[PDB]
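Here it is, the structure in full.
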Number of protein chains: 2
Amino acid sequence: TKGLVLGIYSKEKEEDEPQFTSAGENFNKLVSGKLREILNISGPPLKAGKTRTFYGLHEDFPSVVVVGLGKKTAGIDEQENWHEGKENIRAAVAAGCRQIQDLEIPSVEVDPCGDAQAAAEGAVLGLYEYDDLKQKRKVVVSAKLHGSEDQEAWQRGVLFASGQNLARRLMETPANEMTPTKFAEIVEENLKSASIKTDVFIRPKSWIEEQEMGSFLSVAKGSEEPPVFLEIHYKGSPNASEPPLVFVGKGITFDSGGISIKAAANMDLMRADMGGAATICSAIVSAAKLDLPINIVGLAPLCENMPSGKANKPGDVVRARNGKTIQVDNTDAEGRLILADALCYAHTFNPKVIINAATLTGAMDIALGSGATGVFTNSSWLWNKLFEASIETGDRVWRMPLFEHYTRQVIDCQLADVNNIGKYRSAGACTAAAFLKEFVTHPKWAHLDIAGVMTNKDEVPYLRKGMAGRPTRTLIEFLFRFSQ
Amino acid sequence: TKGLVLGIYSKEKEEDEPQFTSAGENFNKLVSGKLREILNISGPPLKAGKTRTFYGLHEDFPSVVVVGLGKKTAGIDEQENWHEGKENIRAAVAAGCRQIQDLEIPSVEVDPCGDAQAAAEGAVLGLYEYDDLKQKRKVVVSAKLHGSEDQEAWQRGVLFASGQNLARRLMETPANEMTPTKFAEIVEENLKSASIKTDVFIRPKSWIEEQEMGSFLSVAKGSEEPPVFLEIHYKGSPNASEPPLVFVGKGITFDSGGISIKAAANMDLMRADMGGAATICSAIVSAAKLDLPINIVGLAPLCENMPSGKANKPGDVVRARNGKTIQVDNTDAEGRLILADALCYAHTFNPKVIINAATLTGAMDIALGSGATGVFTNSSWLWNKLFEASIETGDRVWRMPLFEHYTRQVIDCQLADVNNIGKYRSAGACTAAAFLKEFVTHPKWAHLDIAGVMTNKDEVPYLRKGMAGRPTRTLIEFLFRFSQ
Ligand SMILES: CC(C)C[C@H](N)C(=O)O
Ligand SMILES: CC(C)C[C@H](N)C(=O)O
Ligand SMILES: [Zn+2]
Ligand SMILES: [Zn+2]
Ligand SMILES: [Zn+2]
Ligand SMILES: [Zn+2]
Ligand SMILES: [Zn+2]
Ligand SMILES: [Zn+2]
């Protein structure tokens, strides 16, 4: 019928037994001490992230899963740059919820564990799974807050997690289904359901050609799938003339590499080469659901990178919207090409800040893996705001260098103004970022390379195996704090 | 006979002509305005790093090379994390000196350019070249300060640069000449010439075996070249009982990869796989020449990594000095093996701080290239001291993450306590650093991965093509500031 997830902390030295949360101690009382008695009989105490299931304790809750929360007073961890307490909660709740799902129970009530937003994030992120195309599926579990106190915190958590889950769905979906047009239509419907203060323009190829986006066009032409330039507006500020914050996302729905073709091994993961677009767009949908009082513009060039009789050829020279020429030495370095045009266009909105996200380089994954998103920025103020936000969400960011040293390696070019791959193979993520800087004149610009946090195997406990949707929540948190 | 290098700044808006330095304006006066007149006739003004040669202006200086210094008031660059003025000076002076050398002039007098230490660094770093083994060599140039004002600043610069040049020589020298024993003997003689307050112990294999350094021994055994553990003491503090700062360096004189053999292409560069040892040792020699009032200990395990009938075999399990077991899954991840033992030993000196340097991973080069040295540390205080020092020297450092997320990938091990390569190929430099942390219990430890700054092609203007010796000067500066 209905399941229940309860938390218990690790025992502190001067305590006689590990302490339950408020909901845990109360439940124990409701069942006349039966919960504590059975936990004692079952064996060793529960450590952070571990779970244990007890049956028949109450007629309304035939299955009760107790989860280990770790140390009660865990706050900000200086070594890890995150709030440890929140991370323990998200992981423990996800584990509890999955045990309830394995038991095939359709609904679960969750202990707020001293921080309802984090508990909600663990349940919602933890239970997610993309199974639309399978006949064999797990039971759909409805998770709700146990109790009626602090409902707003719980709901804030569901909102944040739902935002990241949308990014995951968009990324996980096979490319033949998640085409440039389909992605745009899904985002449009999600933003419009979130708020009536929105405008969406799924700009077609003719518009792209009118905007002189020759760099973006050179990439798209190799494929038979039509390209689109997604532009979204969220008018949340009281003053309509208030300059917007602009977000830009790389939307390659599928990257085969083009003529500079990729190796077969694990190339299926390239259906998520639109993760940049998925994360910034989901962040705008959430900000819109939250009705944040700020104006926001989202831009996402979308297309496929395929080999054919009309594809980009190594050595070809293309002209960006701003007139700069680019020598396309490697057709698989296509993200920086489409972003050159999107970033130029971003300046037309005379924005307050410009933030782009992209699953850009294999070098970023080699650099930091899934530990943190790499952030390249010309503004320490901006770096600090993103960093602070990440400490709260736990979806970490780490700063990478924007030095002229790297710019030199991309402007040293045989045929044009700038080369799309550096002279050397060293510092791939840094030279890619340097390339993007040639298309930015704004004082507050940040580039997020999310190639390393594209997927999850088991690094983040509360995310099942698959596309991660990172760092959506950090983006939402940043916008939230910015609006205040 | 004698050459002269003079600097000129870029013209500021309200100036009528670009301004010479004090020495430049004075020289012009000595030759009755002849220098300004010829510079005007020659054409365009000189920009940062550019040079122009003028002949017969003075009987004592038949060749005068004027160098562009860029903007006079260039101070700390917030984008680049360095003092721009100093960088302009080092590069301009190096260029001037090389033009004098191409002219085959044996001696040059150098303009202090408003910062004699930086001018000296440019001349000394700029003229260096390892040519001991060649019949064809360039003329040996003696560079001296032009004038007698601020001689201490000039000499400080020669000292710092000479320290980095020694590291370059040690790294550049072919491995058949730069063996573990030879390296130790060269370092010993350099430290002893620098100060009488020193003790050096070139510990032999029997000592290594007594110290139970099974991890370090497993690497060395594959080669016929005897291993040595270099231990150096600099007793500069007034109080002999004052706890020392300990430096540790990876000293692989040649890395073939062992049974997990490297590819042939550019493997010759592996003669510099002892760069970690070269930099920390040269830094201690310089600190000793400077008679810094601090106690310092330097530790450097040295050996070759070769394939043979007795070499490390993939899957073998070895025991570190501290008793932890290590599964050697890849024999080419040998630096972390030798460092495990050296870091354990470092704790026996009950140090104030522990700093190790190593040309450790190819992943670090992929991460940041030669832009900056990667620093992994459990102390933000320590990170800040190294960072501040680097701003002054221009030999930059950039912080990398020490997260438990990476530790998990090395302790997940089939046969032993820790695995010498991670479960995944992502974040190579971070997992290597995590591996090292398992052998450190100190509160102030910093790991410097210098694999990306091992060589110079043309990135650093004042260093000719070859082994760079980075980041020696940043290490010296750190020690200098620490002693004050
Ligand atoms: C590893 C990937 C993120 C590579 C990236 N798709 C590049 O455009 O090919
Ligand atoms: C690129 C190199 C620094 C690799 C390093 N010598 C490892 O032990 O093989
Ligand atoms: Zn997809
Ligand atoms: Zn690509
Ligand atoms: Zn791509
Ligand atoms: Zn050498
Ligand atoms: Zn190796
Ligand atoms: Zn090595």
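By the numbers in Swiss-Prot, the shown part of chain A spans 33-516.
We read in the header that X-ray crystallography, 1.9 Å was used to get this structure.
Here the Cβ of each residue, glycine as well, is placed from N, Cα and C on the backbone.
Here's the feature list from Swiss-Prot:
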ACT_SITE  A:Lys294  active site
ACT_SITE  A:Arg368  active site
BINDING   A:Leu202, A:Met203, A:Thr205, A:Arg303  Zn(2+) 3 binding site
BINDING   A:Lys282, A:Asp287, A:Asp305, A:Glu366  Zn(2+) 2 binding site
BINDING   A:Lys282, A:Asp287, A:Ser292, A:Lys294, A:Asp305, A:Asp364  substrate binding site
BINDING   A:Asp287, A:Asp364, A:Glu366  Mg(2+) binding site
BINDING   A:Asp287, A:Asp364, A:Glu366  Zn(2+) 1 binding site
MOD_RES   A:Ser42  phosphoserine
MOD_RES   A:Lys45  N6-succinyllysine
MOD_RES   A:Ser54  phosphoserine
MOD_RES   A:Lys61  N6-succinyllysine
MOD_RES   A:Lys103  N6-succinyllysine
MOD_RES   A:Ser180  phosphoserine
MOD_RES   A:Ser194  phosphoserine
MOD_RES   A:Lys455  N6-acetyllysine
MOD_RES   A:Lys455  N6-succinyllysine
MOD_RES   A:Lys476  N6-succinyllysine
MOD_RES   A:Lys489  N6-succinyllysine
MOD_RES   A:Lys489  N6-acetyllysine
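Walk me through where these features lie, including what they touch and how far apart they are.
The C-beta environment of A:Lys294 (active site), restricted to residues of the same chain at least 6 apart in sequence and closer than 8 Å, consists of A:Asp287, A:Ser288, A:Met302, A:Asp364.
In sequence order, A:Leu392, A:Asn452, A:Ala464, A:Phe467, A:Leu468 are the residues near A:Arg368 (active site), counting only same-chain partners six or more apart with C-beta under 8 A.
Following the DSSP three-state reduction, the secondary structure of A:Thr205 (Zn(2+) 3 binding site) is coil. In the structure as shown, the Cβ atom of A:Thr205 (Zn(2+) 3 binding site) sits within 10 Å of 23 other Cβ atoms.
Cβ neighbours of A:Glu366 (Zn(2+) 2 binding site) (same chain, under 8 Å, six or more residues apart in sequence): A:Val251, A:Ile284, A:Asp287, A:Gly290, A:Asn337, A:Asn344. In the three-state DSSP classification, A:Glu366 (Zn(2+) 2 binding site) falls within coil.
Within 10 Å of the C-beta of A:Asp364 (substrate binding site) there are 19 other C-beta atoms, taking all protein chains into account.
DSSP assigns A:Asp287 (Zn(2+) 2 binding site) to a strand in the three-state reduction.
Neighbour count (other Cβ atoms within 10 Å of the Cβ, all protein chains): 18 for A:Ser42 (phosphoserine). DSSP assigns A:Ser42 (phosphoserine) to coil in the three-state reduction, placing it in neither a helix nor a strand.
The Cβ of A:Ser54 (phosphoserine) lies under 8 Å from the Cβ of A:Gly146, each of which sits 6+ residues away along the same chain.
Take the CB of A:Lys61 (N6-succinyllysine) and look out to 10 A: across all protein chains shown you find 12 other CB atoms. According to its DSSP assignment, A:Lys61 (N6-succinyllysine) is helical.
A:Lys103 (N6-succinyllysine) falls outside any helix or strand according to DSSP and counts as coil. The Cβ neighbour count for A:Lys103 (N6-succinyllysine), using a 10 Å radius and every protein chain shown, is 14.
DSSP assigns A:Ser180 (phosphoserine) to coil in the three-state reduction, placing it in neither a helix nor a strand. In sequence order, the list of same-chain residues 6 or more apart from A:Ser180 (phosphoserine) whose Cβ falls under 8 Å from its Cβ is empty.
Secondary structure at A:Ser194 (phosphoserine), taken from DSSP and collapsed to helix, strand or coil, is helix. Long-range C-beta contacts of A:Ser194 (phosphoserine), restricted to its own chain and to partners at least six residues apart, with a cutoff below 8 Å, comprise A:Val156, A:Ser318.
Non-local contacts of A:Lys455 (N6-acetyllysine) by the CB criterion (under 8 A, 6+ apart in sequence, same chain) comprise A:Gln441, A:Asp444. Secondary structure from DSSP puts A:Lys455 (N6-acetyllysine) in coil.
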Does any of A:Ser42, A:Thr205, A:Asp287, A:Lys294, A:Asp305, A:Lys455 have a Cβ within less than 6 Å of an atom of ligand 5? These are the recorded positions; tell me which, or none.
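By the Cβ criterion, which requires under 6 Å to ligand 5, the hits are A:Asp287, A:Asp305.
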Work through the modified residues one by one (A:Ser42, A:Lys61, A:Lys476) and name whichever has its CA nearest to the CA of A:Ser292 (substrate binding site).
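Closest by Cα distance to A:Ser292 (substrate binding site) among the modified residues A:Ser42, A:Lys61, A:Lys476: A:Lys476.
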Max Cα-Cα distance in Å among A:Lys282, A:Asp287, A:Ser292, A:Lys294, A:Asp305, A:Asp364, the residues listed as binding substrate?
19
Here's one to test understanding: among the binding-site residues A:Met203, A:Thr205, A:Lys282, whose C-alpha is closest in space to the C-alpha of A:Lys489 (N6-succinyllysine)?
A:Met203
Cα within 10 Å of A:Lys103 (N6-succinyllysine) is the criterion; apply it to the recorded positions A:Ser42, A:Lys45, A:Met203, A:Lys282, A:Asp305 and give the hits in sequence order.
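Near A:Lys103 (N6-succinyllysine) by Cα: A:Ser42.
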Starting from the Mg(2+) site formed by A:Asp287, A:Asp364, A:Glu366, give every other residue of that chain whose CB sits within 8 Å of the mean position of their CB atoms, in sequence order.
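Neighbours within 8 Å of the Cβ centroid, excluding A:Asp287, A:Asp364, A:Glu366: A:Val251, A:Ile284, A:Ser288, A:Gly289, A:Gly290, A:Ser292, A:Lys294, A:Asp305, A:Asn337, A:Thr363, A:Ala365, A:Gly367.
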Could you check which of the recorded positions A:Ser180, A:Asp287, A:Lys476, A:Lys489 have their CB within less than 6 A of ligand 4?
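Near the molecule: A:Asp287.
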Compute the C-alpha separation of A:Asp305 (Zn(2+) 2 binding site) from A:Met203 (Zn(2+) 3 binding site), stating it in Å without decimals.
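For A:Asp305 (Zn(2+) 2 binding site) versus A:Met203 (Zn(2+) 3 binding site), the Cα atoms are 8 Å apart.
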Please name the residue among the recorded positions A:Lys45, A:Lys282, A:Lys476, A:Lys489 whose C-beta has the most neighbouring C-beta atoms within 10 angstroms.
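Top count of Cβ atoms within 10 Å goes to A:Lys282.
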